[PDB]
Amino acid sequence: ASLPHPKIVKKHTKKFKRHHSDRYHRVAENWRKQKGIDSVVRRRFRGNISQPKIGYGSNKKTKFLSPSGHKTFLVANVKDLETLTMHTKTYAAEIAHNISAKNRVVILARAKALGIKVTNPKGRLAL
Amino acid sequence: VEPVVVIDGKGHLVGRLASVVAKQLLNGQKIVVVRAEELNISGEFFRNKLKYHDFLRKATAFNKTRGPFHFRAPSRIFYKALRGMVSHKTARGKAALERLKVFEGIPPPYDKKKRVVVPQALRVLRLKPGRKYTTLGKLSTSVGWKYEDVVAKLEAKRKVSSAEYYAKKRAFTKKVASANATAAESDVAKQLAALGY
Amino acid sequence: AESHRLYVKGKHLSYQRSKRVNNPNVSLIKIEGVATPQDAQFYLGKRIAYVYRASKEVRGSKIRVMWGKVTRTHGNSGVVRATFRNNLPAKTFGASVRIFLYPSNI
Amino acid sequence: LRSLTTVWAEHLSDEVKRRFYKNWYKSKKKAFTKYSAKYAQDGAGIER
Amino acid sequence: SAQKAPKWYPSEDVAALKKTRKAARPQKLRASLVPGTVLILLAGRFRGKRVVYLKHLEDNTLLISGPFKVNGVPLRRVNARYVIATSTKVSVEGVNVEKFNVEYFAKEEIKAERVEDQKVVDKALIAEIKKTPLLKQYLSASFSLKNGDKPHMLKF
Amino acid sequence: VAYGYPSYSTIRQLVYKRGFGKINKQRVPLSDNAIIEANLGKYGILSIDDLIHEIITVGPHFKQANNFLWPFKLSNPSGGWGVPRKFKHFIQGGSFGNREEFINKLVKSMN
RNA sequence: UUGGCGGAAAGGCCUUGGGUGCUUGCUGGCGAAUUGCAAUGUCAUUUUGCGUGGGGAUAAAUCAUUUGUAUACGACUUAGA
RNA sequence: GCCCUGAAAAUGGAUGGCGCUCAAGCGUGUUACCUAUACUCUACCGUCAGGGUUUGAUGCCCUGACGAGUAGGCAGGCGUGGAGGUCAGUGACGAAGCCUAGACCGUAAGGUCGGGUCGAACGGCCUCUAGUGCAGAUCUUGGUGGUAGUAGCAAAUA
RNA sequence: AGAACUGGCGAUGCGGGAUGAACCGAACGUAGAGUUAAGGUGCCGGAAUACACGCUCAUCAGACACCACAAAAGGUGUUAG
RNA sequence: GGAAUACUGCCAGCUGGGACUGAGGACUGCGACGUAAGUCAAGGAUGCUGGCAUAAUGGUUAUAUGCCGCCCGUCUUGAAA
RNA sequence: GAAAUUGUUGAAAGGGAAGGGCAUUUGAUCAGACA
Ligand SMILES: CN[C@@H]1[C@@H](O)[C@@H](O[C@@H]2[C@@H](O)[C@H](O[C@H]3O[C@H]([C@@H](C)O)[C@@H](O)[C@H](O)[C@H]3N)[C@@H](N)C[C@H]2N)OC[C@]1(C)O
Ligand SMILES: CN[C@@H]1[C@@H](O)[C@@H](O[C@@H]2[C@@H](O)[C@H](O[C@H]3O[C@H]([C@@H](C)O)[C@@H](O)[C@H](O)[C@H]3N)[C@@H](N)C[C@H]2N)OC[C@]1(C)O
Ligand SMILES: [Mg+2]
Ligand SMILES: [Mg+2]
Ligand SMILES: [Mg+2]
Ligand SMILES: [Mg+2]
Ligand SMILES: [Mg+2]
Ligand SMILES: [Mg+2]
Ligand SMILES: [Mg+2]
Ligand SMILES: [Mg+2]
Ligand SMILES: [Mg+2]
Ligand SMILES: [Mg+2]
Ligand SMILES: [Mg+2]
Ligand SMILES: [Mg+2]
Ligand SMILES: [Mg+2]
Ligand SMILES: [Mg+2]
Ligand SMILES: [Mg+2]
Ligand SMILES: [Mg+2]
Ligand SMILES: [Mg+2]
Ligand SMILES: [Mg+2]
Ligand SMILES: [Mg+2]
Ligand SMILES: [Mg+2]
Ligand SMILES: [Mg+2]
Ligand SMILES: [Mg+2]
Ligand SMILES: [Mg+2]
Ligand SMILES: [Mg+2]
Ligand SMILES: [Mg+2]
Ligand SMILES: [Mg+2]
Ligand SMILES: [Mg+2]
Ligand SMILES: [Mg+2]
Ligand SMILES: [Mg+2]
Ligand SMILES: [Mg+2]
Ligand SMILES: [Mg+2]
Ligand SMILES: [Mg+2]
Ligand SMILES: [Mg+2]
Ligand SMILES: [Mg+2]
Ligand SMILES: [Mg+2]
Ligand SMILES: [Mg+2]
Ligand SMILES: [Mg+2]
Ligand SMILES: [Mg+2]
Ligand SMILES: [Mg+2]
Ligand SMILES: [Mg+2]
Ligand SMILES: [Mg+2]
Ligand SMILES: [Mg+2]
Ligand SMILES: [Mg+2]
Ligand SMILES: [Mg+2]
Ligand SMILES: [Mg+2]
Ligand SMILES: [Mg+2]
Ligand SMILES: [Mg+2]
Ligand SMILES: [Mg+2]
Ligand SMILES: [Mg+2]
Ligand SMILES: [Mg+2]
Ligand SMILES: [Mg+2]
Ligand SMILES: [Mg+2]
Ligand SMILES: [Mg+2]
Ligand SMILES: [Mg+2]
Ligand SMILES: [Mg+2]
Ligand SMILES: [Mg+2]
Ligand SMILES: [Mg+2]
Ligand SMILES: [Mg+2]
Ligand SMILES: [Mg+2]
Ligand SMILES: [Mg+2]
Ligand SMILES: [Mg+2]
Ligand SMILES: [Mg+2]
Ligand SMILES: [Mg+2]
Ligand SMILES: [Mg+2]
């Protein structure tokens, strides 16, 4: 139900984990670029971790497309879900994390009505 | 090719028989060598002794235990030269080295199996005639390998009962020939030779 | 009969490698009896399967297969380069492989 | 050098028997009872 | 709203393809492939089977028969690349062959028609097989590489 | 460098396969004789074999007509260089210098 | 099953007698399809467990106590229906 | 010319290692082959540029070339506390926070989701403002390990 | 220790020199296929235990730029002058 | 005296096998084959068939295996030191 | 009611540390897609 798109090519599925966030607990994976003077990572010696740079950049044509081929859009209520009415083949809806259980079934409904894909159509579903 | 290759040690050059045996194990071909005590090494005896007393002196200083292990058995001196030609601290190399057996003499079952030879390792095709060379267990025996004469006695035992089988074989391959001769000239025979057989 | 074999026996040697750097995307095969690059021109494009066994059942079998194809001759003694749908595990250096007779040009 | 068999006499002394046992007073003293049965016949197993 | 909204949206209209230029041209099979040549089946259910080539088909496959009365292969489709063409031959000039086409094999056990079709084509072939002795028995036996067969050396 | 005296044969293949034009810079591939008559018509030279002509003949416009050509980008020798070490003179078994008519068989394995 | 040989890790070789399966050495009578044009198309041997029942067998060591030919402790060596 | 002699040092040891002697040594010739982040071709990313084009015109489209970087400069961005405006935004039918080798978007800073725990507030967008982003400073305060059931708990007669 | 020109290292990874700031090669967006450089192709190790004419036998042989040394002087060893 | 052949080069001579790639997405350009109407390999892959429709492809993850990877920060010509 | 750090359960691996990069096998576990 998506638009046609080329094969979605990633170029790096591995996450970039900041040098040594495996070593010290105090070092958070959250990527950081070493400025040190001796750092084998900055100097790019063989066998060290790869660094983020512009060439890894996803293709413009498949950029932002989830696996299903829809650019995902955040929806807190029907009015937001309704901005997607004409784009059913472009965007899918994601229901926001805080929307009340009762207001989800409302949206889930209106969306099935409009043919708008919803990505997280389970959250807070009594079953 | 074969699920096991028994090589005959006698009269091959240690270096080259090693190099060939190695790659086979790194390539997955189980190999067992026999009669290593009859291996040859280029250069005369006395040089290869000093060459062994040079290995002999190297030992880890504070504990002569954890230092280089100097093996005096002909099968070992050969296993050495192999081991050095494998990457033997890798898992891949533990694999290799486990495919290979080495022995003095030709012990059981190997003795009832045909054994091959490595042409590129043969001393007779490889040395130029008149270059001196050493015989392993003679070297090994000077560096302390105790069992040379137990090998000798047991090989002099084997080769007798080997000749007795080869006798019986020969006589029977003669019967074979004589029936196969009366098979020549027949309808089959000339048909067969027509096709290469 | 006894013999049912439809392929030539072949061995998995290395990855393609320089001295210190390998390349799992490409493997090096020894093919039974193929002695020369000439000889190995016969086998290019011919399709390899590596057969291994498992403990779990999957599509109805405890046997599994990785498929590949000879790409090009490798050096002077008849080694040949192949490339596999998913690369070979390199536990498999010294392992048996199967080079089937097809695509046939005979 | 390698030992390829042993042969033991029929009757073993209760001193030697005591050597195969860590606690002799508790044992059933079974040592070499079945071995002694090798003598019931002409002892062709022994002689072998 | 919990997410703002795009100022622009891409067009959901789907464009047509540029008019491709590739023509469907006849596939020429190799010189080994001539009707009445014996085939070795390399793969598939009947792999190892020795078979008789009949007609080059419209879908590029190869019509062959065992013949069935001998080795059990019926009239069947087979793919060129998956087969070794042997040098030994039998005359197909006695075999109808033209009934058979792509639709004769449409997928939609055995119908009365094919049963009869087979016995037909087979009688014609079993005739020319009897002409040359040992060839019935060679067409029944299966092909296997013995230790020492080197297909790159091997004449067929 | 290695250099020498190019044959008709190789000047042709050079400009057919790897000949490229300088048009407002921008390295334009040739492929159509009319891209030549655009730029090089001012001198004559409306065709690609007109271009080759000016080059092998060293005609009166050779400056413009050569300069027009993007510097050819050649692969490495497909048969490899011959000789083990490149940076002696061809005379001494190296590859650099003026190899004269031998420039041909090289530039062809590089094309 | 008859008899023999093999200790280098023998554990394997060789032989006699009958029973019995196959024999493509040769000649007959059937079967083979639809696994759909390929898909290893599954045929090997490793250890283990659980039941049925067929032979066969019905012990020790440890703690504790104890000796001092032993001992830092563990260990060692002895003793006790 | 090669070889021998001239040629003595302290842990045991290095043509890199094994080893090699009509070499796996030395001199020289010819091929073939192996493989760098280099060279060629194509895809994608970014940057610069030259065109085209009145409905995201800060836009779309065509085309070519380029891409190393400490000190450093510029740029476009990511995140935090608070402020002006907006979405009549989320919420006790569960806000915020925490947990989660579960799922998704980005090169990335980061963003989104599900499940758990939870209780009372909180977020998008366009702007404003700063006590705005930590691995280190023998950094400050607090908190906790390994050492470790360890050193030890033997002066003063019992 | 200190000057001249240039190229470098510092600030720079990558392939080769086992190893190594400066040598050789070649400089770096993400990938694919091809081909090469410097260096290599018994085995460790991808690649001819390739072909070819010779030299060399060392009771301390010899084995590849920068490079991890050797000299004067001798030999009725052998080789070609 | 007449050839052959080697050797070097040329062909806008014909042809088999293998590998990687299929960007783009109405038409528009340069041409090509045709007496013609048409056709084409001419400004970027389409035609035919089969399997599966699920953890099978893939993602993630632990691990094993091949190869590689020295502790970061710092001052310094030079830091794993 | 976060982290250091710790008990028990579950799983896994471990021949003189541990950790990393490329890649696949295997175990586990999951999204999507199709209809
Ligand atoms: C680079 N490593 C070196 C190691 O090679 C060696 O240094 C040598 C030293 O032995 C040499 O020096 C020594 O050895 C040489 C001979 C071997 O050239 C003799 O000529 C010289 O008289 C003697 N002093 C000197 N010429 C160069 C250093 N690189 O010893 C010191 C070291 C640091 O371990
Ligand atoms: C999960 N924790 C680790 C686990 O990763 C694994 O470690 C292996 C390790 O044993 C491997 O094995 C290696 O390391 C061990 C170790 C005891 O030092 C050595 O004894 C051994 O020689 C070496 N091959 C090593 N190559 C990789 C790790 N993933 O083994 C258990 C562990 C060490 O506790
Ligand atoms: Mg990612
Ligand atoms: Mg950690
Ligand atoms: Mg951490
Ligand atoms: Mg530095
Ligand atoms: Mg001793
Ligand atoms: Mg590559
Ligand atoms: Mg691959
Ligand atoms: Mg039959
Ligand atoms: Mg090549
Ligand atoms: Mg070359
Ligand atoms: Mg070279
Ligand atoms: Mg000397
Ligand atoms: Mg040495
Ligand atoms: Mg070498
Ligand atoms: Mg030489
Ligand atoms: Mg050659
Ligand atoms: Mg612009
Ligand atoms: Mg513009
Ligand atoms: Mg830069
Ligand atoms: Mg900076
Ligand atoms: Mg503040
Ligand atoms: Mg965690
Ligand atoms: Mg919740
Ligand atoms: Mg909550
Ligand atoms: Mg409250
Ligand atoms: Mg601050
Ligand atoms: Mg902080
Ligand atoms: Mg801190
Ligand atoms: Mg810092
Ligand atoms: Mg403390
Ligand atoms: Mg404490
Ligand atoms: Mg206590
Ligand atoms: Mg205590
Ligand atoms: Mg205490
Ligand atoms: Mg005290
Ligand atoms: Mg100085
Ligand atoms: Mg500095
Ligand atoms: Mg640097
Ligand atoms: Mg540099
Ligand atoms: Mg390097
Ligand atoms: Mg280096
Ligand atoms: Mg590249
Ligand atoms: Mg490459
Ligand atoms: Mg080694
Ligand atoms: Mg190799
Ligand atoms: Mg040779
Ligand atoms: Mg030679
Ligand atoms: Mg060196
Ligand atoms: Mg020619
Ligand atoms: Mg396309
Ligand atoms: Mg077709
Ligand atoms: Mg399947
Ligand atoms: Mg997989
Ligand atoms: Mg993985
Ligand atoms: Mg891991
Ligand atoms: Mg390393
Ligand atoms: Mg400092
Ligand atoms: Mg200093
Ligand atoms: Mg440092
Ligand atoms: Mg914790
Ligand atoms: Mg230990
Ligand atoms: Mg380590
Ligand atoms: Mg420890
Ligand atoms: Mg690893």
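Values quoted throughout were computed directly from the atomic coordinates according to the rules given, and no laboratory measurement underlies them. No Cβ is skipped: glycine too gets one built from the backbone with ideal geometry, and neighbour counts run over all protein chains shown.
Here F:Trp81 clears all of (1) within 17 Å of the chain's Cα centre (by Cα); (2) of a type outside the set (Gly, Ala, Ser); (3) not in a helix (DSSP H, G or I) except the condition numbered (1). Here the condition is being part of a strand (DSSP E or B), more than 14 Å from chain B (Cβ to nearest Cβ) and either within 16 Å of ligand 12 (Cβ to nearest atom) or surrounded by 12 or more Cβ atoms within 10 Å (Cβ to Cβ) (or both); of C:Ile106, C:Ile99, it holds for C:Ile99 alone.
Can you name the residue in the stretch B:76-112 that is more than 14 Å from chain C (Cβ to nearest Cβ) and loosely packed, with under 12 Cβ neighbours inside 10 Å and, of all such residues, is nearest to ligand 61 (Cβ to nearest atom)? Top of the filtered list is B:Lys89. Restricting attention to the stretch C:81-96 and to residues that are of a type in the set (S, T, N, Q) and within 14 Å of chain B (Cβ to nearest Cβ), the residue that is surrounded by the most Cβ atoms within 10 Å (Cβ to Cβ) turns out to be C:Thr92.
Scanning the stretch F:84-106 for residues that are surrounded by 15 or more Cβ atoms within 10 Å (Cβ to Cβ) and in a strand (DSSP E or B) gives F:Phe96, F:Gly97, F:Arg99.
Return yes when C:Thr36 is more than 14 Å from chain B (Cβ to nearest Cβ), within 16 Å of ligand 8 (Cβ to nearest atom) and either under 29 Å from E:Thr86 (Cβ atoms) or surrounded by fewer than 19 Cβ atoms within 10 Å (Cβ to Cβ) (or both) and no when it is not. Spelling it out, it is not the case that C:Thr36 is more than 14 Å from chain B (Cβ to nearest Cβ), within 16 Å of ligand 8 (Cβ to nearest atom) and either under 29 Å from E:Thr86 (Cβ atoms) or surrounded by fewer than 19 Cβ atoms within 10 Å (Cβ to Cβ) (or both). Taken as a whole, the stretch E:121-137 holds no residue that is within 14 Å of another protein chain (Cβ to nearest Cβ), in contact with a strand residue (DSSP E or B) (Cβ under 7 Å, 6 or more places away or on another chain) and surrounded by 12 or more Cβ atoms within 10 Å (Cβ to Cβ).
Cβ-Cβ distances below 6 Å connect the following pairs, each with a first residue in the stretch C:1-22 that is within 14 Å of chain E (Cβ to nearest Cβ), a second residue that is surrounded by fewer than 19 Cβ atoms within 10 Å (Cβ to Cβ) and among the basic types (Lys, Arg), and a separation of six or more residues or different chains: C:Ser3/E:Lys146; C:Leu6/E:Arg47; C:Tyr7/C:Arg98.
One residue alone among E:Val95, E:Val121 is part of a loop (DSSP other than H, G, I, E, B), in contact with a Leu (Cβ under 8 Å, 6 or more places away or on another chain) and more than 26 Å from C:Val8 (Cα to Cα), and that residue is E:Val95. Residue count for the stretch A:74-103 under the criterion of being assigned to a loop (DSSP other than H, G, I, E, B), among the aliphatic types (A, V, I, L, M) and more than 8 Å from chain E (Cβ to nearest Cβ): the result is 2.
Residue-by-condition table, conditions (1) out of contact with any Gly (no Cβ under 9 Å at 6 or more places or on another chain); (2) not β-branched (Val, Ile, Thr):
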{"residue": "E:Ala23", "(1), (2)": "yes, yes"}
{"residue": "E:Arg30", "(1), (2)": "yes, yes"}
{"residue": "E:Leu33", "(1), (2)": "yes, yes"}
{"residue": "E:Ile40", "(1), (2)": "no, no"}
{"residue": "E:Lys49", "(1), (2)": "no, yes"}
{"residue": "E:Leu54", "(1), (2)": "no, yes"}
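List the pairs whose first member sits in the stretch F:79-96 and is under 21 Å from F:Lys108 (Cβ atoms) and more than 16 Å from ligand 47 (Cβ to nearest atom), whose second member is assigned to a loop (DSSP other than H, G, I, E, B) and small (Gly, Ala, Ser), and whose Cβ atoms are under 7 Å apart, counting only residues at least 6 apart or on separate chains? Cβ pairs passing all conditions: F:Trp81/F:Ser95; F:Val83/F:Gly93; F:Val83/F:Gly94; F:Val83/F:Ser95; F:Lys86/F:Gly94; F:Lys86/F:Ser95. Any chance the stretch B:59-75 includes a residue that's surrounded by 15 or more Cβ atoms within 10 Å (Cβ to Cβ), more than 26 Å from C:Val34 (Cβ to Cβ) and touching a strand residue (DSSP E or B) at 6+ places or on another chain (Cβ under 8 Å)? Yes, the stretch B:59-75 has at least one match. Of all residue pairs spaced 6 or more apart or on separate chains, those with beta-carbon atoms under 6 Å, a first member in the stretch E:119-145 that is polar (S, T, N, Q) and a second member that is not in a loop (DSSP other than H, G, I, E, B) are E:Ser140/E:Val70; E:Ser140/E:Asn71.
Conditions (1) within 14 Å of the chain's Cα centre (by Cα); (2) within 16 Å of ligand 12 (Cβ to nearest atom); (3) not polar (S, T, N, Q), marked per residue:
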{"position": "E:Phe46", "(1), (2), (3)": "yes, no, yes"}
{"position": "E:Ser87", "(1), (2), (3)": "no, no, no"}
{"position": "E:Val115", "(1), (2), (3)": "no, no, yes"}
{"position": "E:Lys123", "(1), (2), (3)": "no, no, yes"}
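Only a single criterion out of (1) closer than 16 Å to A:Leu114 by Cα; (2) within 16 Å of ligand 8 (Cβ to nearest atom) is not satisfied by A:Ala92, namely (2). Would you mind stating whether C:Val8 is within 30 Å of E:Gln137 (Cα to Cα), away from ligand 3 (no atom under 16 Å from the Cβ), within 15 Å of the chain's Cα centre (by Cα) and not in a helix (DSSP H, G or I)? Answer is yes for this residue.
Take the conditions of a type in the set (D, E, K, R), out of contact with any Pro (no Cβ under 8 Å at 6 or more places or on another chain), within 15 Å of ligand 9 (Cβ to nearest atom) and away from chain B (no Cβ under 14 Å) and apply them to C:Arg72. Does it pass? Answer is yes for this residue.
Have a look at A:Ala96, A:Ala101, A:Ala92 and point out the one that is more than 23 Å from E:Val14 (Cβ to Cβ) and surrounded by 12 or more Cβ atoms within 10 Å (Cβ to Cβ).
Being more than 23 Å from E:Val14 (Cβ to Cβ) and surrounded by 12 or more Cβ atoms within 10 Å (Cβ to Cβ) holds for just one of A:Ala96, A:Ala101, A:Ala92, which is A:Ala96.
Within the stretch C:18-76, being hydroxyl-bearing (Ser, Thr, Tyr) and within 20 Å of E:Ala43 (Cα to Cα) holds for C:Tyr43, C:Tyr50, C:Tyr52, C:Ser61.
Out of the stretch E:74-92, which residues are within 14 Å of another protein chain (Cβ to nearest Cβ) and touching a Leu at 6+ places or on another chain (Cβ under 9 Å)?
Within the stretch E:74-92, the first condition is being within 14 Å of another protein chain (Cβ to nearest Cβ), and the residues that meet it are E:78-88.
Result: E:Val78, E:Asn79, E:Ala80, E:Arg81, E:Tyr82, E:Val83, E:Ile84, E:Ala85, E:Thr86, E:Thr88.
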